[PDB]
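First comes one chain, alone, set out as structure tokens in the form deposited without adenosine-2'-5'-diphosphate.
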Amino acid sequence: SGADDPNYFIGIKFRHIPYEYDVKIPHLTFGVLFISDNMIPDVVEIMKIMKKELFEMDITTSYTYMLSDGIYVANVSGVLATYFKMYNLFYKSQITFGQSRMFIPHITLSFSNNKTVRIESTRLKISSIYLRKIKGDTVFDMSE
């Protein structure tokens, strides 16, 4: 029953984001995972298998919203084919991915309450994709 809460996330950084933000490193939280420490290489292998598709994603954004009290975020659109493919790859290797109940991919903008904004659908340009410990450090990064 239930699941181990995630201890890592896959992040995606962009050349530019089209919103005011207060966080120091704005990024898409693409997915969350629980990884046993002996399983880091397995996760890295899967990210490398998926590298070209990840970098090819047609990622857009168009609105912001309060995820919860004091967490203001932007949406993304266009990542779900890859998201669910990755869910499947991690599952086949018995790695717990996407086990958070309320998790939906998002770009956190500010840890404060903000009014919603809407802009024209705006294409984001991926600069880096990385694996980072939640409340910890990055352990793997790729570009191109």
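Definition used throughout: the rigid core is the maximal C-alpha set that superposes within 1.5 Å between two forms. Residues that one form lacks are left out of the comparison. Don't overthink the numbering: it's just position in the shown sequence, from 1.
Note that the form deposited with adenosine-2'-5'-diphosphate bound isn't included here; everything after this is about it.
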Taking 4.5 angstroms as the cut-off for heavy atoms, does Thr108 touch adenosine-2'-5'-diphosphate in the deposited bound form? yes
Close approach of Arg101 to adenosine-2'-5'-diphosphate in the deposited bound form, 4.5 Å, heavy atom: yes
When the contact criterion is heavy atoms within 4.5 Å, does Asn113 count as touching adenosine-2'-5'-diphosphate in the deposited bound form? no
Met47: heavy atom within 4.5 Å of adenosine-2'-5'-diphosphate in the deposited bound form? no
Determine which one of 36-44, 115-123, 60-68, 84-92 lies within 4.5 Å of adenosine-2'-5'-diphosphate in the deposited bound form, judging by heavy atom distances; exactly one does. 60-68
What parts move between the shown form and the other one when you lay the two on the core: runs of 3+ residues, each CA off by 2 Å or more? 3-5
